[PDB]
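Don't worry about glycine lacking a Cβ; one is built from the backbone with ideal geometry, like all the others, and counts go over all protein chains shown. Basis: the model, the stated rules and, where named, an outside source; nothing here is a laboratory result.
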Amino acid sequence: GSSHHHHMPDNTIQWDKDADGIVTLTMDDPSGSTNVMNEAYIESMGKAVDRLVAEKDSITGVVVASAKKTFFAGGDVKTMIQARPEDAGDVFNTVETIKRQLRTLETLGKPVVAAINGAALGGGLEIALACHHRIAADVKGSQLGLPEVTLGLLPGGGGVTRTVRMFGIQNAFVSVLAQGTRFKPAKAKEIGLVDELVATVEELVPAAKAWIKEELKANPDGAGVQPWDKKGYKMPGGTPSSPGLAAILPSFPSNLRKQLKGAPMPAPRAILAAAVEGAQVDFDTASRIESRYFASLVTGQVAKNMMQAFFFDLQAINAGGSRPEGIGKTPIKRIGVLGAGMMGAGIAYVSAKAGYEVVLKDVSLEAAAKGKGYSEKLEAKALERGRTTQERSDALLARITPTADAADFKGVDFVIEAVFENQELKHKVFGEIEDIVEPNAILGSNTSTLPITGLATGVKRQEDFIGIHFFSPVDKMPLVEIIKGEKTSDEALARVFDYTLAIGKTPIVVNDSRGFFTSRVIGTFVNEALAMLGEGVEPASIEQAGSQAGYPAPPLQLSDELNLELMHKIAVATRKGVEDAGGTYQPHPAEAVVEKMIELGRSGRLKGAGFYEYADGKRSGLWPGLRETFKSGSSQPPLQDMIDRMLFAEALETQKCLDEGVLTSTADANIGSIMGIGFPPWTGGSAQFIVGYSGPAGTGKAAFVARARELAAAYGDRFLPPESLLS
Amino acid sequence: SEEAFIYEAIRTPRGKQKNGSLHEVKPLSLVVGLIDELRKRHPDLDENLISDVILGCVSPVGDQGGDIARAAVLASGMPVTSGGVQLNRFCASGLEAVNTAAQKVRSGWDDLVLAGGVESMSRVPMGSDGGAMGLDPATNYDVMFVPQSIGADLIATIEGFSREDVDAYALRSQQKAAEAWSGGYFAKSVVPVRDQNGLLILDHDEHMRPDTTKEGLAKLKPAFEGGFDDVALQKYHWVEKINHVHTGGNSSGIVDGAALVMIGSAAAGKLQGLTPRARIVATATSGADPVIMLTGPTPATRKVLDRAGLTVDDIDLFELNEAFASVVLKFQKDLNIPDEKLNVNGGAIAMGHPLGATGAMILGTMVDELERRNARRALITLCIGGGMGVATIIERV
Amino acid sequence: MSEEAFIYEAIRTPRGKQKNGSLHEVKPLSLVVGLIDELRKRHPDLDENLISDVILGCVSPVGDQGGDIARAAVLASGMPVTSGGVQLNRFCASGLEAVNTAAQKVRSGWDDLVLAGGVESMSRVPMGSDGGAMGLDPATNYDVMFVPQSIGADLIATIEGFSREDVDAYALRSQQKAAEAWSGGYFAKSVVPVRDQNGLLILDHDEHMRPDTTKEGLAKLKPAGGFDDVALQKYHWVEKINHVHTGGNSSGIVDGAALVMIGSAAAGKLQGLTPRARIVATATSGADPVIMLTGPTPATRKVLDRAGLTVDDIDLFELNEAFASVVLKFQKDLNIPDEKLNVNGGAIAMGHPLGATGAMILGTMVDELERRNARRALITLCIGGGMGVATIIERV
Ligand SMILES: O=S(=O)(O)c1ccc(Cl)cc1
Ligand SMILES: O=S(=O)(O)c1ccc(Cl)cc1
Ligand SMILES: O=S(=O)(O)c1ccc(Cl)cc1
């Protein structure tokens, strides 16, 4: 029946009633290191809540604490990813039972305090929000937020309903819910999520009980009563019927559609709807509405795509899934960066920010200084906005040493080369520093296409030569593509793997093939757009198809960044990479468009003119002559065809990389495509997109193949699916 | 079977929004004044024969709630059997009230019907009633809601209507409305509004700026400049940027006003000694995409022509509501309307667009202009919010 | 008058109660969209482009029910953008007026196929939310002698001489005949259960019903300043108004919606639709605004006069149970046999969702005529302000 239980598991909550009658519910799940919202917790909190109601006459207050390093964070992701549309009833009743426990604990008629010792994320913060007072220990690593939206879910444990009641529709959505922002305890108290702070975890429970004692003394009637359970409650910013909010309320779905650029992410749409519809009714009816939207998301395919990529795949990467087994940790004392371009300067920045000592070499002291100015202007932006101190920024810049003498690479044990994309140049740059650095030094290269095996012949210690591929802007791109040459040792992989985590980035390990995985797959994306441009499709529809597919940058705009002259060089390198290898090349339709733009002196933003027009550096509108050059408008295919063509090309090329052994795991394929070339997160990755494809044909891998054949009939045989995707 | 005839078609002057003359006047009082005028025109009219009173009202709240038509029946002392019903089809509520009144006459289940509309936008601004497609994110996100003003800028962007092109039409409406007033065209149909003492409150359309120059229209700023721009282009992906051409000088005016039309069968009119002034030939409803919104008239006007076996060359006068300048120019471009057959006495850009009453105002305006010109046919149509459209053809008798 | 208007489908949602109702969490737009999705489910191959208008009655068109709720229904349900959509408000008879206006549109020959019905989520948009002229203009309220619908019903019971037992006796009768109608499965295929976006059930029955109602329990209820004095100033020959009406013998405040598909013989044959009834005649009339509820008596006579029929020719009568005294007066004035009047219960037991009640009790008779295999039925409603609407249907 209607109860605090759902429908054998261990106990999660320790019970303790003191002399004064304050009950301490200490969460300590014995089946893991972190308190997690699972079947065991629900049954445990159910027993505890039943006991709080039974012994109400001898209970004056409640304190919710945790025995772990963290307060409470996460859920049974192994379970929610398996929820089917027919399971929507069970999913609804589960979150309804969870909120029925918190609502009883909330309307207990006595104060309940949350002693937040560590990370209170999502379901954990949803527990604390059910309390009447929240105290947090201001310790390192502690975070608070509702990041359910980043997994395709929504805060279905009262998170949406309560944050709206506390902050209003606009603030709760924009600041907390829509992006699942994690807050440090200082910022948490600042915006109102936490009420007061303490310096250490030991002071929490004594301060929690002291607040309960003082509250029952000063505020007797208002004790154990939330603001929305009092008469005369006024929601901040007003309700949807309030004339002030009702004027700007229609812009919330349109502003949200503008930020998502039309991408099919159903989570923020559901959060906004559940937030508004929840503010139109009472608290209980609002939470039940919140449950129905939560059951809508969990049964959806996108939630499975994101739970696969941003939970299981990302943890398999951080656990060392691609790091060789057995190899141990090796320190890094001095990083030597050859080259001070936007790549070399960013590499020096992200390394010095991690605390590493950097030597930034370039062919001139003037250029190496300009490279360090990148880190100075980056800290200036970080000091104007006030995200760092004046003293920590001085120590960061002091760790970077610009130079032009190859003798200053003495004592370097980690070399990262970022010179021009040329093999004989890289052979010389490495040849004159390999004897100056340490004998165990890592000789890393930042090349985008040129195979590592060829570049490694320029050094004698080839087992320490390895590809360390970054992405610009280096201070913001989170992926590092580590390429394994056929001479690179497994120890060299692990050292670069550990270095990548040390600078706060996510690594993937890739075997040495031309184009690697990121540059090769993003090329198929750009080439599909240029092919559509040559076919006569409107340029605005192409950029719309990219933004609506979920890409961060539209394809033609990115084609000006990547420089069209470089694209011509890659096409020539791929042609003679198989022409001089005994066969003939299949020229992509985009190659003709690349060369027509090159002929017209429009090679991209670097030239100052490309598919767009550039004035004062800033991009400003598509080139007006573009429509007449390629007869734009003569071909008007469906927008979903343009969207699917770009997504399928990358998905199929990703499948090729797995079939060729370029990638060793789909987790590297998904996270690599998402963090490396900006594949849409709702897809869950270019490999997850295959198994999670949902269209008019249906859902599954077989639906993907049928759709790939449909595209292959009308657009070209490059969309024909590989043998590995068939029965 | 039966035929529907228009015996009377009057309206109030259109008082402007800022410091307007009709702001102190309740919208109910505006409709009552038109009922009291219809009594003056026919004091021996048997009001028992009036079987329904249909009023359009787009924002039916506040002073305009509680079936404002029924309140007009009771406050004006009309027989309690005379019905009274409010409807809302956005910008066409005034004309949909007339069309519904005619369709009730043709069905043989209604004898003599009053129809029109009322909208005191200075007292009840549009959006006051709320709405799902605006204040509900689930359906707003799905229907791609975009205000009418941006769809108008998109029409001008697609069709290639410059800022000079729309302002050139705004001046045309201002000039032809001043000529119609100076020429005395509106004298018998615009019933001045008076207070409970008989003192004059308003006798002319205030929103008119007859001393308008093309140089002054260019000084105005594009007033309609959220993410609605990006929401619109997500549907119309082949358009790169929206050229915001519409200002307060080439868009419909925000005013107060009311209109009334008497419609009945030939037997009902002959029973009361009424002279029919026009006959409702046909009606039709049809629309287009809700994002661009204001392209609904073109299929509705084509449909009302195919239903009556007529073409553009059979129509002597076209009257499209001047909600936005680009809407009329787009309408003139599609059906190839002659320039001297289109909104001949000015329109909403000069005199105003009182949502609920505009449909019945321009309807009566064509009745008075067919008789003044001794012409035969006229077509009335309006664009609607949400992507709808209505059209009506009348014939002079 | 040429084209005959036929009823092809007529469905409705269950009526959820006001206090802790199951439909309180459902936006009224979703109630209509649910019925549109049901009509598609019953006719998957129907060319929705033939649908030219969607007419919805709504007495409180504000909040969730503003901005042309009918137009939102068309756009939210993905119906063709040419299908229009218009909201109308004639107080209680808005649901039936939307049907009559649809039928009259088909008769005029300028419309082929029209959806017509109503929606009213009184638990979310209560009566009076839209304001009103006869409340915000004391000059108008003073002149029209405004009296709420309840006091007029008490006045009718005072004049005609209906005792507190007399009205509670009919209340027990409606509760009984409604529970019997549900048990017999009369509503099995016409009440479409409301479901959420996940397919979970929200409501499958009229939850305002009190089937275990007893004579004693009704007599224990209590009846629900100035308005009494105002009414007697018009009806000066009455000394005191007997307040007989309680919550148990009056209509129920509920949430609900209804949809009726009306079209011509060509529209039905072209889409392969079986006509279930035929609109014979409609009429609008009314009476005094202070008594407010004696409107359906001249409306029923004018629709019978227009169809060439009399009281004896009608097999079933369906008058909205807005108040028990209104039905007893309507029965006494025309001598309607007690076995022909609201034979499947009414608003006292199942509820009165203002804008939708007209289309609900219309579809109730369309189903009951086929069950009994009878021919003619008459549907009428009293209206606030002193109006009336009636309709005659014949089984096909
Ligand atoms: O009790 S179960 O339904 O198995 C369940 C427990 C925890 C989560 Cl997070 C989801 C489902
Ligand atoms: O029906 S199950 O798949 O066990 C399930 C129930 C509840 C949740 Cl929150 C997730 C999954
Ligand atoms: O609070 S989050 O960390 O976003 C989270 C919520 C639910 C699950 Cl199942 C996993 C993680």
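Just one of the listed residues (A:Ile98, A:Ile42, A:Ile81) is crowded, with 24+ Cβ neighbours inside 10 Å, within 13 Å of ligand 2 (Cβ to nearest atom) and within 18 Å of A:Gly157 (Cα to Cα), and it is A:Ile98.
Please work out if A:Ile289 is more than 16 Å from ligand 3 (Cβ to nearest atom), in contact with a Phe, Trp or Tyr (Cβ under 7 Å, 6 or more places away or on another chain) and of a type outside the set (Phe, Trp, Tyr). No: the conditions fail for A:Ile289.
Restricted to helices (runs of 4 or more DSSP H) entirely inside segment B:208-291, those with at least 1 residues that are more than 14 Å from chain A (Cβ to nearest Cβ) and surrounded by 20 or more Cβ atoms within 10 Å (Cβ to Cβ) are B:214-219, B:266-271. Looking only at segment A:54-80, residues that are part of a helix (DSSP H, G or I), polar (S, T, N, Q) and more than 16 Å from ligand 3 (Cβ to nearest atom) come to 1 in all.
How many residues are within 16 Å of ligand 3 (Cβ to nearest atom) and either assigned to a helix (DSSP H, G or I) or surrounded by fewer than 24 Cβ atoms within 10 Å (Cβ to Cβ) (or both) if we restrict to segment A:101-117? Total satisfying the criteria: 1.
Of the candidates C:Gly345, C:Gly363, C:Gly351, C:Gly384, the single residue that is within 14 Å of another protein chain (Cβ to nearest Cβ) and either within 24 Å of C:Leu56 (Cα to Cα) or buried (at least 24 other Cβ atoms within 10 Å of the Cβ) (or both) is C:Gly384. Here segment C:122-163 is the region considered, the condition is being β-branched (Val, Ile, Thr) and in contact with an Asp or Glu (Cβ under 8 Å, 6 or more places away or on another chain), and the residue that is nearest to the other protein chains (Cβ to nearest Cβ) is C:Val125. Within segment A:62-106, take every residue that is more than 8 Å from ligand 1 (Cβ to nearest atom) and acidic (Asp, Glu) and give me the one that is farthest from A:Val302 (Cα to Cα). Result: A:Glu106. Taking the conditions exactly as written (hydroxyl-bearing (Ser, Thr, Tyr), within 16 Å of ligand 3 (Cβ to nearest atom), at negative phi and within 14 Å of chain C (Cβ to nearest Cβ)), does A:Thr181 satisfy them or not? Criteria not met by A:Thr181. Screening the candidates A:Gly89, A:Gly122 for the property of being away from every other protein chain (no Cβ under 14 Å) and either out of contact with any strand residue (DSSP E or B) (no Cβ under 8 Å at 6 or more places or on another chain) or within 16 Å of ligand 2 (Cβ to nearest atom) (or both) yields one hit, A:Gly122. Among the conditions (1) touching a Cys at 6+ places or on another chain (Cβ under 9 Å); (2) under 18 Å from B:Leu335 (Cβ atoms); (3) among the polar types (S, T, N, Q), the only one that B:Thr381 does not satisfy is (1).
All of (1) surrounded by fewer than 19 Cβ atoms within 10 Å (Cβ to Cβ); (2) under 26 Å from C:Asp255 (Cβ atoms); (3) of a type in the set (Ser, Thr, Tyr); (4) within 14 Å of chain B (Cβ to nearest Cβ) hold for C:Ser183 with one exception: (4).
Annotation: C:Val119 fulfils all but one of (1) more than 7 Å from chain B (Cβ to nearest Cβ); (2) surrounded by fewer than 24 Cβ atoms within 10 Å (Cβ to Cβ); (3) not aromatic (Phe, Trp, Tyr); the unmet one is (2). Of all residues in segment A:135-143, none are assigned by CATH to the domain that holds A:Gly109, surrounded by 23 or more Cβ atoms within 10 Å (Cβ to Cβ) and part of a helix (DSSP H, G or I). Scanning segment A:407-457 for residues that are touching a helix residue (DSSP H, G or I) at 6+ places or on another chain (Cβ under 7 Å), buried (at least 20 other Cβ atoms within 10 Å of the Cβ) and part of a helix (DSSP H, G or I) turns up A:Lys426, A:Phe430, A:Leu455, A:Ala456. Scoring A:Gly685 on the criteria (1) part of a loop (DSSP other than H, G, I, E, B); (2) under 21 Å from A:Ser559 (Cα atoms) leaves a single failure, condition (2). When C:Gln87 is tested against the conditions (1) more than 29 Å from C:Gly272 (Cβ to Cβ); (2) within 7 Å of chain B (Cβ to nearest Cβ); (3) outside any strand (DSSP E or B), the lone failure is (3).
For segment C:31-51, which positions are more than 16 Å from C:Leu113 (Cβ to Cβ) and in contact with a helix residue (DSSP H, G or I) (Cβ under 8 Å, 6 or more places away or on another chain)? Once the filter is applied, which keeps residues that are more than 16 Å from C:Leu113 (Cβ to Cβ) and in contact with a helix residue (DSSP H, G or I) (Cβ under 8 Å, 6 or more places away or on another chain), segment C:31-51 yields C:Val32, C:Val33. Would you confirm whether any residue within segment A:287-297 is small (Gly, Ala, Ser) and either in contact with a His (Cβ under 8 Å, 6 or more places away or on another chain) or within 11 Å of chain B (Cβ to nearest Cβ) (or both)? Yes.
Checking the structure you have, find out if any residue of segment C:54-76 is within 23 Å of C:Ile361 (Cβ to Cβ), of a type in the set (D, E, K, R) and in the same structural domain as C:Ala10 (by CATH). No; the residues of segment C:54-76 include none that is within 23 Å of C:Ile361 (Cβ to Cβ), of a type in the set (D, E, K, R) and in the same structural domain as C:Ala10 (by CATH). When B:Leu95, B:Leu55, B:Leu28 are checked against the criterion of being surrounded by 24 or more Cβ atoms within 10 Å (Cβ to Cβ), within 14 Å of chain C (Cβ to nearest Cβ) and part of a strand (DSSP E or B), B:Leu55 stands alone in meeting it.
Among the residues of this structure, A:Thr34 does not count as one that is surrounded by 19 or more Cβ atoms within 10 Å (Cβ to Cβ), more than 16 Å from ligand 2 (Cβ to nearest atom) and of a type in the set (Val, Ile, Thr). If you go through segment A:1-29 and keep only what is of a type outside the set (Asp, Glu), more than 22 Å from A:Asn93 (Cβ to Cβ) and away from ligand 1 (no atom under 16 Å from the Cβ), you end up with A:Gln14, A:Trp15, A:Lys17, A:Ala19, A:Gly21, A:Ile22, A:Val23, A:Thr24, A:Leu25, A:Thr26. Taking helices (runs of 4 or more DSSP H) as the structural unit, those lying wholly within segment C:295-396 and holding at least 1 residues that are touching a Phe, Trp or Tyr at 6+ places or on another chain (Cβ under 7 Å) correspond to C:296-307, C:324-334, C:354-372. Within segment A:240-259, can one find any residue that is surrounded by fewer than 17 Cβ atoms within 10 Å (Cβ to Cβ) and among the basic types (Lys, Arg)? Looking for residues that are surrounded by fewer than 17 Cβ atoms within 10 Å (Cβ to Cβ) and among the basic types (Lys, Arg), one finds none in segment A:240-259, hence no.
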